[PDB]
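Step one of this worksheet: look at the structure below.
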Amino acid sequence: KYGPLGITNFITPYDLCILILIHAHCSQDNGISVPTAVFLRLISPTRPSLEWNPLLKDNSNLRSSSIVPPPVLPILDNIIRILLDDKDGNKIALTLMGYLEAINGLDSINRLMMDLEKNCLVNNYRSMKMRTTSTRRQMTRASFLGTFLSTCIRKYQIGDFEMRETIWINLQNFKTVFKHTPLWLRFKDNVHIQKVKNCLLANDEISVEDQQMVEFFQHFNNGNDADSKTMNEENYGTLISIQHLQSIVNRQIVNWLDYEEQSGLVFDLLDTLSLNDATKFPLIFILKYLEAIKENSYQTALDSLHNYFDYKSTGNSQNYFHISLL
Amino acid sequence: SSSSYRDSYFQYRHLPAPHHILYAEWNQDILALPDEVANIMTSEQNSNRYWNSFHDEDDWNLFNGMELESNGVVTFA
Amino acid sequence: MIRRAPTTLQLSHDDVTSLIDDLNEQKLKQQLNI
Amino acid sequence: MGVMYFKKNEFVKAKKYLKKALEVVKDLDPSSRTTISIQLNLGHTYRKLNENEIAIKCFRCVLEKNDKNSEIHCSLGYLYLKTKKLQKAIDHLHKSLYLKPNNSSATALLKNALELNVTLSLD
Amino acid sequence: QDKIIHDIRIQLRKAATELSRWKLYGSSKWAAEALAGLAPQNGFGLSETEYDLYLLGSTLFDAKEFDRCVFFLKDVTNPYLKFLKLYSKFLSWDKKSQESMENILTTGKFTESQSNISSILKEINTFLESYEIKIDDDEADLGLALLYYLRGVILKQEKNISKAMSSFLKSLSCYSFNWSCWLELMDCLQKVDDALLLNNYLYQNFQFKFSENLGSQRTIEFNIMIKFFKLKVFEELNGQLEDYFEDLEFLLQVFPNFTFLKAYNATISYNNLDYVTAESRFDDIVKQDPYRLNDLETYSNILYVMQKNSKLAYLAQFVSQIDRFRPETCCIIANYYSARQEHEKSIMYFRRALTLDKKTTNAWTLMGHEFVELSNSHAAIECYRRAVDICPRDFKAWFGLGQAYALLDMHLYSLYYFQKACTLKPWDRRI
Amino acid sequence: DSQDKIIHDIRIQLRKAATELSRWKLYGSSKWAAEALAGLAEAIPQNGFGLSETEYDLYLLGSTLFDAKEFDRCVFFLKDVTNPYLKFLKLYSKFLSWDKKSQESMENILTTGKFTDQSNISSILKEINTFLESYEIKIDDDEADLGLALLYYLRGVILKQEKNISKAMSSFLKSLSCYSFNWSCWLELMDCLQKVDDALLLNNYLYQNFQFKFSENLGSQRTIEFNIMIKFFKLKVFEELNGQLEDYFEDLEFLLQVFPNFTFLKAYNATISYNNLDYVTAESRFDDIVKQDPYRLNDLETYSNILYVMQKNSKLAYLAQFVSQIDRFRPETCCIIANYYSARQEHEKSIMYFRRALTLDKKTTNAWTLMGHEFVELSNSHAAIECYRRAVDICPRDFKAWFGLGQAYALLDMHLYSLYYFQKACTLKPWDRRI
Amino acid sequence: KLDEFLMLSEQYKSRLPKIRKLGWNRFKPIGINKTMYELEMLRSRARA
């Protein structure tokens, strides 16, 4: 599940997984309602902005009154393990699994996104009661899921075709990582996957001619390894937004300061930053600093502290120089 | 068709990096000219003085209030 | 010693208006014959 | 001298002196506002003299010497409208208006060529 | 065939190397690629003191340091090394030679001029006039043709088309088997009746220099690409075809699995609006040469008519995977956004593709159509103009102006525009 | 006597050197080769390749499809070839296709590197090793062709980009031993070096247990003492790293005699005066370059750097108008103009050009400190501090970056919060009164 | 702290109509001496 990490301001493959889940829940065709605890573990870390001063203030607001599960790493292996636990979670788990199989192209990604904006998301409640003719559940913007989906919609119309290709190249990379996993072997055949896949794959408008060569476009790009692969720039193994990184880091340092977490995965991934996201995310420096004090390293503590207070002061307009010395 | 086969004009392969087209605006930048626009009526006066620095004392004294009229008759102050 | 542009003259307004009036004349008389 | 004798509407001594000037300067001044100026002035004099043929030829050679010029295109269009060659003049008017924004006289000339194109019914 | 195909191989091998040697990428690319489809002779007139400059000039050109190369060859008396300097000098001017109005659309930034080439044109005339051996008789060699070809193209810049054909035909008589030279000749036509007149010139007046060429190649009708010449002319504008079908068959027998022929052959179906056959004829070439990207935008265009967006999207995904800044790559992408009714964004990608070549296929026109859906009606009309001056043979460019002016209250300007396009494509029922 | 015989030897070799390298469509050394011959002191074409006429047709297809930027299409057609000469071309096309793609993928990311301081790349590396074992020479033989020697260069450079240092130099020495006169090969061997002690480590290796394949190289050249890029080696590495000079003088004037007209040498010679804070003499040195070579956006960044110290805004405005007229895409031409705009107290414009200059080539870390300075004069200290800070992340051993960052805190009342930065700078240049 | 995502969101929102709002003002076709910015202002007065 390991790989190079890079901060992305676009639709991360993790993001689509929620969009996969919300599609099944709102469609109400399968009668599958995802439990509320599942959503609150997935969307909530993506909710923006927490802030955490280095020192001079300890958990003055970070501590949640109710103990919350740790935020989830953006790997299909970790995501599936949440749904898998339930006795009927297999049905919910397969629903996600089938949709990821049905989505074989960038166009299919667009079909999902166009569907939600036109039908599912709606501006306000006053039009809920007039839309009683809808066979699918409709969403309000101000709601918990509504505000999230609005952001996701924004992040898709924000970029050119250059960003959409990166979504699909990464997702197939992301999907295939789960393929060479022991759990995928446990789910090699589940018959329900074909049923759910065929539910959305229908109305393909062609099955005899284009599908012969549609596969050829997909396979040729893919690493069939029959010949030398088409050479392409190195692609990141995992993509996370800044806010999602904030949640995982804050939880890790709080857990370190005093439902199981994956310390090795988080630490390994945080060591592959392109050094530019580190500027966009100054808190990575202090994560070494707290680690530095644990083994009592003097100089390695110092440079990290100086590192943290140089990027933070410039980013924030208010004068924090009076805070650096303390 | 036939697009890349003709080589009668500046094409995408003549410049070194094909991705330089992303910027493609630096060509349309009027770089500021040497002297007076550093002041941004004052610019010409500054430029006048800057060139006016190159005199001998008596020579500058000759042209302190120098004025030449159109017909050629000369006024000296 | 520098030379300026030598004097050159283009089509005036009076002659082009004379031509426009005449050209209206021969776009006007012929359809009467038609 | 030629420009003056054109101003006085003599149209003869102007042409003679201008031809003498160009025959003096056949070898030198291929460009740089000298050959173009004298040749265009001679062509304009020929236009005023209603001798349009060598007018067309000289305006064409001036245009091939230098293309970016609104006046050359407008005058060539005027020459063509003097004859019946509207198909080969409205493009020149198009180019003249493209080069220089207003060209009010050229605008009127092109508009008239428009009503001509309506009027004519050529196959 | 027999030795005819063999004789092609040797001489075509030449046209691949020296063209590449003296920095003509476009011509050499076609010729060398023809070696693969087709089923080290070295020599140049150079001295040791002068051979060094050619290495100096060529590698500076390769490093794309165009302007330094001009200085380092300031005084060269070589018959054809002078071509390399002027070629560099010409392009150095061209890249900054952007017309102001077109540039506003070319970028949207919304913010000495041409005398260099006049000097360049005078230089080439001066050099040839003072050169030892003119084009007449069995004199001259390969390098001399390049000079005339460079002279010919610069003549086209000032719209001196009438003299441009003379220079180009002169250049090709000296040396044949240069594809890039004939490409510029195409833009010299802009008319239909002259083509047969030009055809008559080739059949009777034109003659080849057999000294440079090999056997069975001085003759016009044994030449293989004069067929290529005939192929290109009768597809840009149909008109009245002469031996078009018969000659097409012969060139198909030779040059097996030649991608360019198949693309042209398939392109014919699109000109005939036979979309179902066109896709099949495009589909095979993708399988044969997946990494060939030329004229894939035509494949996009037909898919746009069929509205097979699912098929088109994978095509767009596939094309962008292997290259992201080639003119067709941006062109096909901008076509994709049109299928999604996202006309406002397709302009951006067409804008990117336009800056790559600024003389492309009918990409200017497609840019204008998207403006129409935006109801700008003023960007589009002047946009449609830019296609006209570059390529006056484009039916869609002329049609867009008349169609757009139809929406305008005045209809008078529209009649002329439709009249020109009527001559270009009288076969269309709509026009 | 012997020197003239050497000169005649040099001309023949550089003719060959620029021939194959340009014929093999790599311009890193080909551009060097001709200018080196161009500056050579005044005192039939040569070509040869063991290619069959059937496969030679594929060469033209590969060659012209390379510079047409369609690298990927070149690979597809040249897939099944077995000749070592063309095998290098196919992978080189594959490599550059990746390099160009990576540049396209990343343009908004300014800094380059990995914080802690492949699989696609490894595909190329395996093909190299697979073909190398199959081929029946595998270096270490007198009968070793240029193509195999050139093939090792691709192996060396591809390894380094994976950060497999201590293996790339071994490949590079093998490539240089079988074929010298590859300037692009020498740079990639330069960048791998990090410290002066390692420079002495390798310098000895080039002397005792190093020898060239005398079969491939022409006579009177395989000698290490009469070689050239071994001499050109000494001039570059010992001074770019500012290491201890040895065998450096006598080689220097030896190169002046052989190459009196070499533009690259004079600029480097001018650079030496610049590096020793000797600005009057250097200005005279560069002034010959401008007159002799007006179009060279290679070392004029130092020239404008000098002229800014000099003042004469009038002379600086000469360069900015002239340099920008050539082109606006070289890294230098965007730093030349920035200095001129800075001298006229328009920082908010001059600040932008510095970022433009860095974007074109990320290796020019010197622009980062200049970036920060213009922030200081804009009275935005916050924006400044991160600026110098990036400069020292790219390379910790930057005296300028530490000093500029120390000052920015010093302008503020953080006298002590600046003591660390100033203290760090003390180690870099202890021998300065100003610090 | 300036969020980079919100910054580029506004930047995209500003440029998107900029392509549409191109033909306004300066650009004038030939044969019409009157740019389209006042084509709609007269059109507005026509119905009103």
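Chain identifiers are assigned as A, B, and so on, following the order in which chains appear in the structure tokens; residues are numbered from 1 within each chain, and ligands are numbered from 1 in order of appearance.
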- Item | DSSP-assigned helix (DSSP H, G or I) among chain B, expressed as an MDAnalysis selection string | chainID B and resid 18:22 26:28 36:39 42:52 57:62
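The protein and nucleic acid residues lying at most 10 Å from stretch 15-20 of chain C are residues 11, 12, 23, 24 and 25 of chain C; 48, 78, 81, 82, 105, 106, 108, 109, 111, 112 and 113 of chain D, with only C-alpha atoms considered and sequence neighbours fewer than 3 positions away removed.
Residue-level contact on chain G: within 8 Å of chain D, counting only C-alpha atoms, the set is residues 30, 31 and 33 of chain G.
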Take the residues from that selection and put them in a file with C-alpha atoms, as a PDB file, in the first residue's frame.
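And here is the file that came out, again12.pdb:
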ATOM      1  CA  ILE G  30     -14.995  45.610 -40.995  1.00  0.00           C
ATOM      2  CA  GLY G  31     -18.096  46.946 -42.659  1.00  0.00           C
ATOM      3  CA  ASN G  33     -17.797  50.685 -37.633  1.00  0.00           C
TER       4      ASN G  33
END
- Item | chain E contacts on chain D, only C-alpha atoms, 9 Å, as a PyMOL selection string | chain D and resi 64-68+114-115+117-118
- Message: Quick check for you: according to DSSP on this backbone, which residues of chain B are classed as strand (DSSP E or B)? Reply as number ranges by chain.
- Response: B: 67-68, 74-75
- At most 12 Å to chain G: residues in chain A, only C-alpha atoms, as a ChimeraX atom specification: /A:7-11,48-51,151-160,241-243,277,279-282,311-320
Got a sec to pull out which chain A residues are within 8 Å of chain E, counting only C-alpha atoms, and send them as a compact mmCIF listing (two decimals) with N, CA and C atoms, in the first residue's frame?
# COMPACT_ATOMS: atom_id res chain seq x y z
N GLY A 105 -13.17 4.06 -17.39
CA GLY A 105 -12.72 5.13 -18.26
C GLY A 105 -12.98 6.50 -17.68
N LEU A 106 -12.29 7.48 -18.25
CA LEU A 106 -12.46 8.86 -17.80
C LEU A 106 -13.87 9.35 -18.07
N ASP A 107 -14.46 8.94 -19.20
CA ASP A 107 -15.84 9.30 -19.48
C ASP A 107 -16.77 8.79 -18.39
N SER A 108 -16.58 7.53 -17.97
CA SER A 108 -17.42 6.96 -16.94
C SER A 108 -17.31 7.75 -15.64
N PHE A 161 -8.13 19.43 -19.05
CA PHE A 161 -8.03 17.99 -19.28
C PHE A 161 -6.78 17.40 -18.66
N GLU A 165 -6.87 13.47 -16.72
CA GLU A 165 -6.06 12.31 -17.06
C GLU A 165 -5.29 11.80 -15.85
N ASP A 210 -17.11 -1.23 -31.40
CA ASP A 210 -16.31 -0.32 -30.60
C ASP A 210 -15.69 -1.04 -29.41
N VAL A 214 -12.35 -0.51 -28.06
CA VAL A 214 -12.30 0.21 -26.79
C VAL A 214 -11.32 -0.46 -25.84
N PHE A 217 -7.64 0.51 -26.71
CA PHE A 217 -7.16 1.75 -26.11
C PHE A 217 -6.79 1.56 -24.65
N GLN A 218 -7.65 0.89 -23.88
CA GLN A 218 -7.35 0.69 -22.47
C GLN A 218 -6.11 -0.17 -22.30
N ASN A 221 -2.47 1.36 -23.33
CA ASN A 221 -1.93 2.24 -22.31
C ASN A 221 -1.49 1.45 -21.08
N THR A 230 4.63 1.83 -22.91
CA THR A 230 4.72 3.23 -23.29
C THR A 230 5.35 4.02 -22.16
N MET A 231 6.36 4.81 -22.48
CA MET A 231 7.09 5.53 -21.45
C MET A 231 6.30 6.76 -21.03
N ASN A 232 6.12 6.91 -19.72
CA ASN A 232 5.37 8.01 -19.16
C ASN A 232 6.07 8.50 -17.91
- Message: Quick one: residues within 10 Å of residue G:20, only C-alpha atoms, excluding same-chain residues fewer than 5 positions away - as a ChimeraX atom specification?
- Response: /E:343-345,347,371,374-376,379 /G:15
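Our summary of the geometry notes that atom CA of residue F:356 is positioned 9.9 Å from atom CA of residue B:23.
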- Message: So that I can see what lies close to stretch 26-40 of chain B, please list as a ChimeraX atom specification the residues with an atom at most 7 Å from it, counting only C-alpha atoms and leaving out residues fewer than 5 positions away in the same chain.
- Response: /B:47 /F:314,317,328,344
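Closest approach to residue F:71 from the set F:425, F:17, F:91, F:58 is made by F:91, with distances taken over only C-alpha atoms.
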- Query: When distances are computed from only C-alpha atoms, which of D:54, D:49, D:24, D:40 shows the smallest separation from residue D:72?
  - Reply: D:40
Contact residues around residue E:237 with only C-alpha atoms at 12 Å, ignoring same-chain residues under 4 positions, as a PDB file with N, CA, C and O atoms, in the first residue's frame:
ATOM      1  N   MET E 186       1.255  23.857 -52.580  1.00  0.00           N
ATOM      2  CA  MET E 186      -0.189  23.691 -52.478  1.00  0.00           C
ATOM      3  C   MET E 186      -0.869  25.011 -52.153  1.00  0.00           C
ATOM      4  O   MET E 186      -1.897  25.354 -52.749  1.00  0.00           O
ATOM      5  N   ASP E 187      -0.300  25.774 -51.220  1.00  0.00           N
ATOM      6  CA  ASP E 187      -0.886  27.047 -50.830  1.00  0.00           C
ATOM      7  C   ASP E 187      -0.820  28.087 -51.936  1.00  0.00           C
ATOM      8  O   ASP E 187      -1.473  29.129 -51.823  1.00  0.00           O
ATOM      9  N   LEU E 189      -2.010  27.689 -54.914  1.00  0.00           N
ATOM     10  CA  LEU E 189      -3.090  27.511 -55.878  1.00  0.00           C
ATOM     11  C   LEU E 189      -4.254  28.454 -55.596  1.00  0.00           C
ATOM     12  O   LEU E 189      -4.575  29.321 -56.416  1.00  0.00           O
ATOM     13  N   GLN E 190      -4.908  28.280 -54.443  1.00  0.00           N
ATOM     14  CA  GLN E 190      -6.085  29.037 -54.013  1.00  0.00           C
ATOM     15  C   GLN E 190      -7.113  29.220 -55.128  1.00  0.00           C
ATOM     16  O   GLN E 190      -7.870  30.196 -55.128  1.00  0.00           O
ATOM     17  N   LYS E 191      -7.169  28.276 -56.063  1.00  0.00           N
ATOM     18  CA  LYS E 191      -8.063  28.379 -57.208  1.00  0.00           C
ATOM     19  C   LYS E 191      -8.114  27.010 -57.874  1.00  0.00           C
ATOM     20  O   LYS E 191      -7.292  26.136 -57.593  1.00  0.00           O
ATOM     21  N   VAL E 192      -9.091  26.825 -58.757  1.00  0.00           N
ATOM     22  CA  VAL E 192      -9.334  25.528 -59.371  1.00  0.00           C
ATOM     23  C   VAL E 192      -8.837  25.468 -60.812  1.00  0.00           C
ATOM     24  O   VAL E 192      -8.202  24.489 -61.203  1.00  0.00           O
ATOM     25  N   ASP E 193      -9.099  26.499 -61.622  1.00  0.00           N
ATOM     26  CA  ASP E 193      -8.755  26.403 -63.039  1.00  0.00           C
ATOM     27  C   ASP E 193      -7.250  26.450 -63.251  1.00  0.00           C
ATOM     28  O   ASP E 193      -6.742  25.883 -64.225  1.00  0.00           O
ATOM     29  N   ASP E 194      -6.526  27.119 -62.357  1.00  0.00           N
ATOM     30  CA  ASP E 194      -5.076  27.176 -62.463  1.00  0.00           C
ATOM     31  C   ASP E 194      -4.433  25.814 -62.257  1.00  0.00           C
ATOM     32  O   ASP E 194      -3.347  25.568 -62.792  1.00  0.00           O
ATOM     33  N   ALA E 195      -5.081  24.929 -61.497  1.00  0.00           N
ATOM     34  CA  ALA E 195      -4.499  23.623 -61.216  1.00  0.00           C
ATOM     35  C   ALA E 195      -4.270  22.838 -62.500  1.00  0.00           C
ATOM     36  O   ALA E 195      -3.178  22.305 -62.731  1.00  0.00           O
ATOM     37  N   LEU E 196      -5.290  22.767 -63.357  1.00  0.00           N
ATOM     38  CA  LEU E 196      -5.116  22.101 -64.642  1.00  0.00           C
ATOM     39  C   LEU E 196      -4.116  22.850 -65.512  1.00  0.00           C
ATOM     40  O   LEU E 196      -3.331  22.231 -66.240  1.00  0.00           O
ATOM     41  N   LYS E 230      -0.369  14.654 -57.447  1.00  0.00           N
ATOM     42  CA  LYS E 230      -1.730  14.588 -57.958  1.00  0.00           C
ATOM     43  C   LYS E 230      -2.712  14.154 -56.880  1.00  0.00           C
ATOM     44  O   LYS E 230      -3.870  14.583 -56.889  1.00  0.00           O
ATOM     45  N   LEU E 231      -2.275  13.310 -55.946  1.00  0.00           N
ATOM     46  CA  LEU E 231      -3.163  12.908 -54.862  1.00  0.00           C
ATOM     47  C   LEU E 231      -3.559  14.099 -54.006  1.00  0.00           C
ATOM     48  O   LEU E 231      -4.741  14.285 -53.692  1.00  0.00           O
ATOM     49  N   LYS E 232      -2.585  14.924 -53.630  1.00  0.00           N
ATOM     50  CA  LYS E 232      -2.854  16.005 -52.691  1.00  0.00           C
ATOM     51  C   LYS E 232      -3.743  17.071 -53.313  1.00  0.00           C
ATOM     52  O   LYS E 232      -4.612  17.635 -52.638  1.00  0.00           O
ATOM     53  N   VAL E 233      -3.541  17.366 -54.596  1.00  0.00           N
ATOM     54  CA  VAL E 233      -4.286  18.454 -55.217  1.00  0.00           C
ATOM     55  C   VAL E 233      -5.757  18.087 -55.364  1.00  0.00           C
ATOM     56  O   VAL E 233      -6.642  18.917 -55.130  1.00  0.00           O
ATOM     57  N   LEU E 241     -11.157  15.508 -61.945  1.00  0.00           N
ATOM     58  CA  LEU E 241     -10.023  14.627 -61.715  1.00  0.00           C
ATOM     59  C   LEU E 241      -9.533  14.031 -63.027  1.00  0.00           C
ATOM     60  O   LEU E 241     -10.330  13.685 -63.903  1.00  0.00           O
ATOM     61  N   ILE E 268     -10.264  10.538 -47.666  1.00  0.00           N
ATOM     62  CA  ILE E 268     -11.137  10.700 -48.821  1.00  0.00           C
ATOM     63  C   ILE E 268     -12.578  10.391 -48.447  1.00  0.00           C
ATOM     64  O   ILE E 268     -13.510  11.083 -48.874  1.00  0.00           O
ATOM     65  N   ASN E 271     -14.130  13.347 -46.781  1.00  0.00           N
ATOM     66  CA  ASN E 271     -14.533  14.316 -47.789  1.00  0.00           C
ATOM     67  C   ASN E 271     -15.789  13.872 -48.522  1.00  0.00           C
ATOM     68  O   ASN E 271     -16.536  14.719 -49.021  1.00  0.00           O
ATOM     69  N   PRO E 392      -6.979  30.311 -47.990  1.00  0.00           N
ATOM     70  CA  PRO E 392      -8.201  30.750 -48.671  1.00  0.00           C
ATOM     71  C   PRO E 392      -8.957  29.628 -49.363  1.00  0.00           C
ATOM     72  O   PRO E 392      -9.996  29.893 -49.975  1.00  0.00           O
ATOM     73  N   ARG E 393      -8.468  28.394 -49.283  1.00  0.00           N
ATOM     74  CA  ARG E 393      -9.134  27.244 -49.875  1.00  0.00           C
ATOM     75  C   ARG E 393     -10.080  26.549 -48.910  1.00  0.00           C
ATOM     76  O   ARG E 393     -10.666  25.524 -49.269  1.00  0.00           O
ATOM     77  N   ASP E 394     -10.246  27.076 -47.701  1.00  0.00           N
ATOM     78  CA  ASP E 394     -11.086  26.430 -46.704  1.00  0.00           C
ATOM     79  C   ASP E 394     -12.546  26.790 -46.946  1.00  0.00           C
ATOM     80  O   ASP E 394     -12.917  27.967 -46.910  1.00  0.00           O
ATOM     81  N   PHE E 395     -13.372  25.773 -47.189  1.00  0.00           N
ATOM     82  CA  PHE E 395     -14.801  26.005 -47.356  1.00  0.00           C
ATOM     83  C   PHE E 395     -15.434  26.514 -46.067  1.00  0.00           C
ATOM     84  O   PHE E 395     -16.208  27.478 -46.087  1.00  0.00           O
ATOM     85  N   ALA E 421     -17.168  30.764 -51.428  1.00  0.00           N
ATOM     86  CA  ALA E 421     -17.293  29.381 -50.991  1.00  0.00           C
ATOM     87  C   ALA E 421     -18.102  28.561 -51.981  1.00  0.00           C
ATOM     88  O   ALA E 421     -17.873  27.354 -52.120  1.00  0.00           O
ATOM     89  N   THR E 423     -17.927  28.772 -55.227  1.00  0.00           N
ATOM     90  CA  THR E 423     -16.959  28.310 -56.212  1.00  0.00           C
ATOM     91  C   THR E 423     -16.111  27.178 -55.654  1.00  0.00           C
ATOM     92  O   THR E 423     -15.786  26.225 -56.371  1.00  0.00           O
ATOM     93  N   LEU E 424     -15.743  27.268 -54.376  1.00  0.00           N
ATOM     94  CA  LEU E 424     -14.870  26.262 -53.783  1.00  0.00           C
ATOM     95  C   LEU E 424     -15.551  24.901 -53.732  1.00  0.00           C
ATOM     96  O   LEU E 424     -14.977  23.891 -54.153  1.00  0.00           O
ATOM     97  N   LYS E 425     -16.780  24.852 -53.223  1.00  0.00           N
ATOM     98  CA  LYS E 425     -17.529  23.604 -53.085  1.00  0.00           C
ATOM     99  C   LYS E 425     -18.930  23.790 -53.649  1.00  0.00           C
ATOM    100  O   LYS E 425     -19.908  23.893 -52.897  1.00  0.00           O
ATOM    101  N   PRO E 426     -19.066  23.836 -54.976  1.00  0.00           N
ATOM    102  CA  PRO E 426     -20.410  23.921 -55.565  1.00  0.00           C
ATOM    103  C   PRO E 426     -21.257  22.689 -55.315  1.00  0.00           C
ATOM    104  O   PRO E 426     -22.483  22.763 -55.457  1.00  0.00           O
ATOM    105  N   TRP E 427     -20.647  21.562 -54.945  1.00  0.00           N
ATOM    106  CA  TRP E 427     -21.398  20.324 -54.785  1.00  0.00           C
ATOM    107  C   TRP E 427     -22.317  20.344 -53.572  1.00  0.00           C
ATOM    108  O   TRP E 427     -23.306  19.604 -53.553  1.00  0.00           O
TER     109      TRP E 427
END
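Distance check against residue E:88 using only C-alpha atoms: of B:53, B:69, B:25, B:9, the minimum falls on B:9.
With only C-alpha atoms as the atoms that count, the minimum distance from chain G to the choices E:120, E:198, E:372, E:224 is reached by E:372.
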- Please provide as a VMD selection string all residues within 10 Å of residue D:100, with the sequence filter that same-chain residues fewer than 3 positions apart are discarded (counting only C-alpha atoms). chain D and resid 68 to 71 95 to 97 103
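For the pair atom CA of residue F:422 and atom CA of residue F:435, the interatomic distance is 7.6 Å.
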- Task: Could the residues of chain G within 8 Å of chain E, counting only C-alpha atoms, be given as a PyMOL selection string, please?
- Result: chain G and resi 16-17+19-23+27-29+31+36
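The shell of residues at most 12 Å from residue E:228, with only C-alpha atoms counted and near chain neighbours (fewer than 3 positions) removed, consists of residues 2 of chain B; 30, 177, 178, 179, 182, 183, 186, 221, 223, 224, 225, 231, 232, 233, 234, 235, 244, 247, 248, 249, 250, 251, 252, 255, 260, 261, 264 and 265 of chain E.
Of the listed residues C:3, C:21, C:10, C:29, the one whose atoms come nearest to chain D is C:10, with distances taken using only C-alpha atoms.
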